[PDB]
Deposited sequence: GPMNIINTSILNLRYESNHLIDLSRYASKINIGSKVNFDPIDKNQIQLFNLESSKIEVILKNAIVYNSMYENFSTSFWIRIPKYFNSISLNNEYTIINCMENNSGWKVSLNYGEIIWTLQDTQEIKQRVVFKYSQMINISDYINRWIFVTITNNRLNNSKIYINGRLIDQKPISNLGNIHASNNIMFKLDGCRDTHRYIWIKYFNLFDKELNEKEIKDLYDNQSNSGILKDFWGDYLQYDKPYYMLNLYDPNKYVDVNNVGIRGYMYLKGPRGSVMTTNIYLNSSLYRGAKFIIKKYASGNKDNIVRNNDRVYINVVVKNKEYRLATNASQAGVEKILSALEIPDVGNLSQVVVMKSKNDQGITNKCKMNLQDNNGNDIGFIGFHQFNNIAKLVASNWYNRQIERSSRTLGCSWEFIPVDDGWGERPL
């Protein structure tokens, strides 16, 4: 881990079967009985709208905040399910609480909002707010892992950063002595939506205002760039059905015209919409054939950069194999969905790769290979008589990455998730 973490005043991590503070100060952590840890990555913590769903960090007296001038920052990742219920409009709820006797700091949420609040011993408070809309085709934020960083310079400003970019700031120099709490309560507090929850990961507390570079480094390090991710930002996994999104035209979905070597897959649109009256209106995500990633070439279930895999394709609740005949005329090799026992010597091995971008590693590429391991090419699409058929093409492999030409071969994998609330088809 990098130096800023090593010197953090709090470093909350799951290790050797316990949630502990790895900071020099080794603060005590109390865990309530209804806190859920993700079995695949136990640093991912789920808190429900229940009294016993809580984590309490009892801080060492030394690092308890009680100052007029000491700068400090916090960072963490959060994944917030879509808001569904109108009771959630105008209902601000605390999630991370270091307030005592009406002074200190807190992280709270509201409909389409992440809120940072400071309050001094004179009852003077200041709020800094990140806003995201639920009326949007495809959101970067709704139900997707977000990296939050909040910094406080006592002489001037408090800043909120989202995924490493500055989003809001407000002057705080009118605030006097801030006397924060002896402990930090991670818990849903004041939430009127019975079914609300959050996921959180990698909470840290720093005793300085973090600068832009430190924030960028923190974002990149904690992104886990060796491991591929799904659309939501979770680890990409084997044996899990994913709807597909192509980054060149996110308004299409994958369809199969017929199964077998004479058939083809293609991109078909528009995606259409999913909505709740006055609450959200988004592009529908649960459309078209699903891909299942299959092990070929680690005992765990996580898909890593450069893993060689097979891809099954689910058409009317049956599994087929993604494949092509590389002997077909032309650079663009049209893909088919084959009966699995029928695949024979067809080209089907896929090298999973991430697009080398900033942030979470969830823009994925799939390099098709023949049975001798020779590249046939990244999977994208090509127009044949106005039909956008899926293809493997080595033309893609010849392009500069970050050139717009590679959008055609960039995908996201979307599994059915509790925080999305669309009917799967």
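### Message
Against the full deposited sequence, which stretches does the structure leave out?
### Response
Holes in the chain trace, numbered from 1: 1, 299 to 300.
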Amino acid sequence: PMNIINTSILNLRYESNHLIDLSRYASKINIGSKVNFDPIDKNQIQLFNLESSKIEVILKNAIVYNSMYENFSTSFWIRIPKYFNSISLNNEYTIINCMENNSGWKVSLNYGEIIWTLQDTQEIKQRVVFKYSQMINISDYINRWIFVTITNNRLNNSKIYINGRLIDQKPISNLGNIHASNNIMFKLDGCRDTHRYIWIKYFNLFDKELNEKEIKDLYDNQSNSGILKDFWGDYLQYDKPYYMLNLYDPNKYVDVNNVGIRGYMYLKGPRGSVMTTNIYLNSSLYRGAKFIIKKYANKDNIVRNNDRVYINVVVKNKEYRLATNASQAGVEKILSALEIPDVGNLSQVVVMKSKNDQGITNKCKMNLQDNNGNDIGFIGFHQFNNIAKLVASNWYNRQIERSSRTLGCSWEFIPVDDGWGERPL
From here on, numbers count along this sequence of modelled residues.
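### Of 136 to 144 and 261 to 269, the stretch whose C-alpha atoms average the higher B-factor in the entry
Comparing 136 to 144 with 261 to 269, the higher mean C-alpha B-factor belongs to 261 to 269.
### Message
Test of understanding: from the entry's C-alpha B-factors, which stretch has the higher mean, 357 to 365 or 386 to 394?
### Response
Taking the mean C-alpha B-factor of 357 to 365 and of 386 to 394, the larger value falls to 357 to 365.
### Query
Which has the highest CA B-factor per the PDB entry: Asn374, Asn43, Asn30, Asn49?
Comparing C-alpha B-factors across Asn374, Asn43, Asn30, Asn49, the maximum falls on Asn30.
### Residue selected from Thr276, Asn282, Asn221, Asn305 by maximal Cα B factor
Result of the comparison over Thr276, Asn282, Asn221, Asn305: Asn221.
### Query
Thinking about Cα B factors across the chain, which third does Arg127 belong to?
Middle third of the chain for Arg127's C-alpha B-factor.
### Query
Hey, what third does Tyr69 fall into on Cα B-factor, ranked over its chain?
Tercile = highest for this residue's CA B-factor.
### Query
Within this chain, which third does the Cα B-factor at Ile9 fall in: lowest, middle or highest?
Highest third, going by the recorded CA B-factors of the chain.
#### Entry: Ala289 CA temperature factor, ranked by third within the chain
As the PDB entry reports it, the C-alpha B-factor of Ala289 lands in the middle third of its chain.
### Query
What third of its chain's C-alpha B-factors does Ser86 belong to: lowest, middle or highest?
Ranked within chain, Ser86 CA B lands in the middle tercile.
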